[PDB]
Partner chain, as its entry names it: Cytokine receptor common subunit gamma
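First comes one chain, alone, set out as structure tokens in the form deposited without its partner chain.
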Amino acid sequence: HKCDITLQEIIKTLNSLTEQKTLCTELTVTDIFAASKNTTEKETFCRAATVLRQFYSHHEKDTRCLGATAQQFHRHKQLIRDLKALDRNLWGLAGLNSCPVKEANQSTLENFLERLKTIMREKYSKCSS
């Protein structure tokens, strides 16, 4: 369960997300990682999946993000698609939908995703030899 290939699905998706720049990767998410580190793994996954769901729900049809050019629109849709795929894997890992997130700090989506990538890669590393 804990070292399931879902971890690779998440990392693969994050690897793509972090190479993607759009009109709105600087808009913010609640920084779940600004905590002093006091939650179970499932709780961390639930919290990340929660703030990402907020983000894609709020920005999928946001006039600031939708794009003027074909390329801008494509990149927007690709980002939304990937966030939903990432989110779907996170909820699968969390096994939990109820996790309040109380952090004040907002970080850019771009910074959040790089941090979550680091945490996910660290989990993968602790699973393999």
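Residue numbers count along the first chain shown, from 1.
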| query | finding |
| --- | --- |
| Comparing 34-42 with 50-58, the one whose average Cα B-factor in the PDB entry is higher | 34-42 |
| Mean C-alpha B-factor comparison - 106-114 and 15-23, higher one | 15-23 |
| Maximum C-alpha temperature factor, selected from 80, 86, 96, 66 | 96 |
| Record-listed C-alpha B factor of residue 29: chain third | middle |
